[PDB]
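Letter by letter, the chains look like this.
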Amino acid sequence: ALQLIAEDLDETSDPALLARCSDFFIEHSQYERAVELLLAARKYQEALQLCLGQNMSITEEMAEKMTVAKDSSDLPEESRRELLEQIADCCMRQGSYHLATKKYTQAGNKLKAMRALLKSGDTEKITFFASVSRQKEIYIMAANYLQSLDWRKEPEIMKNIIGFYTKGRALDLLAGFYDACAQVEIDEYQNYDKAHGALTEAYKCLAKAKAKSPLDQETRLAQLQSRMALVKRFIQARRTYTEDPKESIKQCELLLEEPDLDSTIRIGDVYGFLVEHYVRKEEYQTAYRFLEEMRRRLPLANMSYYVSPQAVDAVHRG
């Protein structure tokens, strides 16, 4: 019953109740819940002393809760570093190489820590403190591993590959990754605002890179600028949707009259925005005409990325 009631307690409930409950659970050997209740009461020293006095496994959520942010006034930096080393040492004894690494690097020990993360393979923990660590080799090694992944499922991986090759001064790898990022952000996630960000940064990066052939660099820069202009016109179409949906649609229909559009904006996403609009108005008949025109232009592309399965089915039910 104490476990069930303390799950209806949380980090928003009264610190005095959390303290009474934690004191009771400490007297009754329920150390996991006592630590969760102490961390909910912000008692980081008592929580870590209770973990160390009973050799407790430190979970990623527990270790995150014990992470006092640099922007907080709650602890001095020396005690913060000692706490983070003690957590990291504990995670290292516990075989959690990836988490030990995040906590050693928040504490200032770095290159052995990064090699320990790469051996563990943990994708999110690789993102978190190559961000923290601020060193060249760490950014390149982390980005090179993260680039191998199906990163589409974890947008933090994408933000971090970008941050890393930019901070790691590896500009052609970054320009290729921002271009592929704009492509997988557009083609599998339909997020043109984040992809225009990615193209703007691809342009900055490729312009600052030392290419082996200036004609290839200039033609890719001109292609990126043309892509940015077309993508910005599609972003203007999405933004105008909440002000004039008829003009927003007309701009999307006009964008479907643009030549070679698919090299810049997937023809399927424009159809997907048109289809999502007509589905959101329950105008499944016009939505169906747009899905037929999409299926005519794109036989090979998987429709389930460009249009939600619920929106495709929504029309086939109209």
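Its PDB header names cryo-EM as the technique used to obtain the model and reports a resolution of 3.5 Å.

Engineer: Any chance you could explain the overall build of the chain here in plain terms?
Structural biologist: A tally of regular secondary structure across the chain gives 19 helices and 0 strands. Residues classed as buried in the chain amount to 44% of the 318 residues present. Sequence separation of at least 24 residues holds for 52% of the intrachain contacts in the chain that already meet a minimum separation of 6. Surface accessibility of the chain: about 17600 Å² in total, with carbon and sulfur atoms responsible for 50%. Across the chain, the mean location of the 44 positive side-chain charges is 5 Å away from that of the 50 negative side-chain charges.

Engineer: For this particular structure, what's the right way to read the side chain of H98?
Structural biologist: Position of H98 relative to the elements: it lies in helix α7 (residues 97–106). Within the local environment of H98, its side chain forms a polar contact with the side chain of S96, the two groups lying 3.2 Å apart. Setting aside residues up to four positions removed in sequence, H98 forms contacts with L117, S120, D122, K125 and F129.

Engineer: Could you clarify how one ought to interpret empty space enclosed by the protein in this entry?
Structural biologist: Using a probe with the size of a water molecule, rolled over the atoms, empty space left in the structure can be pinpointed. Tallied over the full model, the rule gives 1 cavity of 30 Å³ or more. Within this model, the largest cavity holds a volume of roughly 30 Å³. Lining the largest cavity are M294, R295, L298, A301, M303 and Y306. Those elements that provide at least two residues to the lining of the largest cavity are α17 (284–297) and α18 (303–306). Considering only residue class, the lining of the largest cavity consists of 5 nonpolar, no polar and 1 charged.

Engineer: Please explain unusual backbone geometry as it appears in this structure.
Structural biologist: What you tend to see is this: most non-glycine residues have negative phi, and most peptide bonds are trans. We note that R169 has phi near 60°; this positive angle belongs to a residue other than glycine. Within the secondary structure, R169 sits in the loop between α11 (155–167) and α12 (171–187). Judged by relative accessible area, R169 falls into the exposed class, the value being 59%. Of note, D260 is a non-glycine position whose phi angle comes to about 50°, a positive value. Within the fold, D260 resides in the loop between α15 (245–255) and α16 (267–280). A residue is classified by how much of its surface remains accessible, and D260, at 68% relative accessible area, is exposed.

Engineer: What am I meant to see in the layout of surface pockets here?
Structural biologist: Roughly 260 Å³ of volume is contained in the largest pocket. Forming the walls of the largest pocket are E253, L256, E257, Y271, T286, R289, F290, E293, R296 and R297. The leading source of residues in the lining of the largest pocket is α17, at 6 residues. A per-class count over the lining of the largest pocket returns 3 nonpolar, 1 polar and 6 charged.

Engineer: What's the story with the environment of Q45 in this structure? I'm lost.
Structural biologist: Positionally, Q45 belongs in helix α4 (residues 44–53). In this structure, the C-alpha to C-alpha distance between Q45 and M66, residues 21 residues apart in sequence, is 9.0 Å.

Engineer: Help me understand α12 in this model?
Structural biologist: Two residues of an α-helix separated by three or four positions point the same way, owing to the 3.6 residues in each turn. The first and last C-alpha atoms of α12 sit 23 Å apart over 17 residues, in line with the 24 Å expected at 1.5 Å per residue. Of the residues making up α12, those classed as buried are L174, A175, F177, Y178, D179, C181, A182, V184, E185, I186 and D187. Its buried side turned inward, α12 meets α11, α13 (192–208), α14 (214–240), α16 and α18.

Engineer: I keep staring at the packing of aromatic side chains and nothing clicks. Help me out?
Structural biologist: Pairs of aromatic rings are described using the distance from one ring centre to the other and the angle between the two planes. Tallying each qualifying case throughout the model produces 7 aromatic pairs. Aromatic pair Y241 and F273: ring centres 5.4 Å apart, planes at 70°, arrangement edge-to-face. Of this pair, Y241 sits in the loop between α14 and α15 while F273 is found in helix α16, placing the two residues 32 residues apart along the sequence. In this structure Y241 comes out as partly exposed when scored by relative accessible area, which is 22%. Relative to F290, the ring of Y278 has its centre 5.5 Å away and its plane inclined at 10°; by these criteria the two rings are stacked. Placement of the pair is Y278 in helix α16 and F290 in helix α17, with a sequence separation of 12 residues. Comparing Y278 with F290 shows no difference in burial state: the two are buried. Chaining the aromatic ring pairs together yields one cluster made of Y192, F234, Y241 and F273. A cation over an aromatic ring shows up here: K102 above the ring of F128, its NZ or CZ 4.3 Å from the ring centre.

Engineer: So what exactly am I meant to see when it comes to the side chain of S22 here?
Structural biologist: Of note, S22 is situated in helix α2 (residues 15–27). Among all residues touching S22, those that are not within four sequence positions of it are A34, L37 and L38.

Engineer: What is the right way to read the environment of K167 from this model?
Structural biologist: Locating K167 in the fold gives a position in helix α11. The spacing of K167 and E32 is 135 residues in sequence and 40 Å in space, taken between C-alpha atoms.

Criteria and thresholds
- Residues numbered from 1 in each chain as written, not as in the entry; some residues may be left out.
- Part of a larger assembly, values for the part shown.
- Heavy atoms only, no water.
- Helix = DSSP H or I, 4+ residues; strand = E, 2+ residues; numbered from the N terminus.
- Buried < 20%, exposed > 50% of the residue type's maximum accessible area, 1.4 Å probe, protein only.
- Contact = heavy atoms within 4.5 Å.
- Areas by Shrake-Rupley, 256 points an atom, 1.4 Å probe, with all protein chains shown as cover.
- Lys, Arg positive; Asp, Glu negative; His and termini not counted.
- Charge placed at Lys NZ, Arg CZ, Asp CG, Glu CD.
- Polar contact = N/O pair within 3.5 Å; in protein donor to acceptor, adjacent residues only side chain to side chain.
- 1 Å grid on protein atoms, 1.4 Å probe; cavity = no way out; pocket = protein on both sides within 12 Å on 5 of 7 lines; lining within 4 Å.
- Points joined across faces, edges and corners; volume = space filled by probe spheres on them.
- Nonpolar A, V, L, I, M, F, W, Y, C, P; charged D, E, K, R; others polar.
- Expected span 1.5 Å × (residues − 1).
- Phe/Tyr/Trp six-rings, centres within 6.5 Å; stacked < 30°, edge-to-face > 60°.
- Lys NZ or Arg CZ within 6 Å of the ring centre and 35° of its normal.

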